[PDB]
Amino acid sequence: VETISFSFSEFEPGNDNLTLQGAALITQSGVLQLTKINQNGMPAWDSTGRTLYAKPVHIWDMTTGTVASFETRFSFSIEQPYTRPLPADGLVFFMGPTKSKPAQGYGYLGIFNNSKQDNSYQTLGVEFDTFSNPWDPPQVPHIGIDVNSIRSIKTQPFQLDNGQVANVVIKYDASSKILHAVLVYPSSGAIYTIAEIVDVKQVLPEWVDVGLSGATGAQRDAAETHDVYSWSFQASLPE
């Protein structure tokens, strides 16, 4: 069995196990700030940042046809300081082709280039979307399961607890092909759940990079923070 796992209870600056892209930065306090925070302490608009684990993960094998089961857990907080304009755009946990660079920001969250369902993306993502684009349901924020498109195959609205830490658990069981995600806010006790069938062999390449991406809006002050405090991941490929 081929297993891979990592656990960051906090982030240390200078760590070579994470690939920081775009605006992503690790503070001295051990926080991963996906999107830019200005000197005045306010979140900057027109910002895109990603963080990828430094080693590729073997998700499935074409020869044997076996697929890996995996689980990831992370904690984040989103603070929206202004009433106007509407905050944007969100953050997303994703898996896609290795050696990838940031795609389009804003509503595309740094992982897509347009709003089409294109098999060439070879990307699976679980988004926490804060702005309603034309391809989105009217309710924001919402959790969404993205399969080769920013147009989610399933969404679940949730109430943002401004600035509070949210705990996320995402699990994929290869036998049943179920991707199940949970979001919990310890501050209010709120629990949100979402699940859908996803056959990763029809979406992802055999080896993928795993990461987090965040993005702020296309207009002045259409922004919010996208801070991550911890991140763990484990995958097991039966051989």
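The first residue of the shown sequence is 1; numbering continues from there.
Annotation for 54-62 versus 177-185: the higher mean temperature factor (C-alpha) is found in 54-62. According to the PDB record, 76-84 carries the higher mean C-alpha B-factor of the two stretches 76-84 and 120-128.
The PDB entry gives the largest Cα B-factor of the residues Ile170, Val210, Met42, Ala190 to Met42. When the modelled residues of the chain are ordered by their C-alpha B factor, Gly30 lands in the highest third. For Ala223, the recorded CA B-factor ranks within the middle third of the chain. Only modelled residues enter the ranking. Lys101 sits in the highest third of its chain by CA B factor, as recorded in the PDB entry. The deposited CA B-factor of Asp161 belongs to the highest third of values across its chain. Among the modelled residues of its chain, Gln139 has a C-alpha B-factor that falls in the highest third according to the deposited record.
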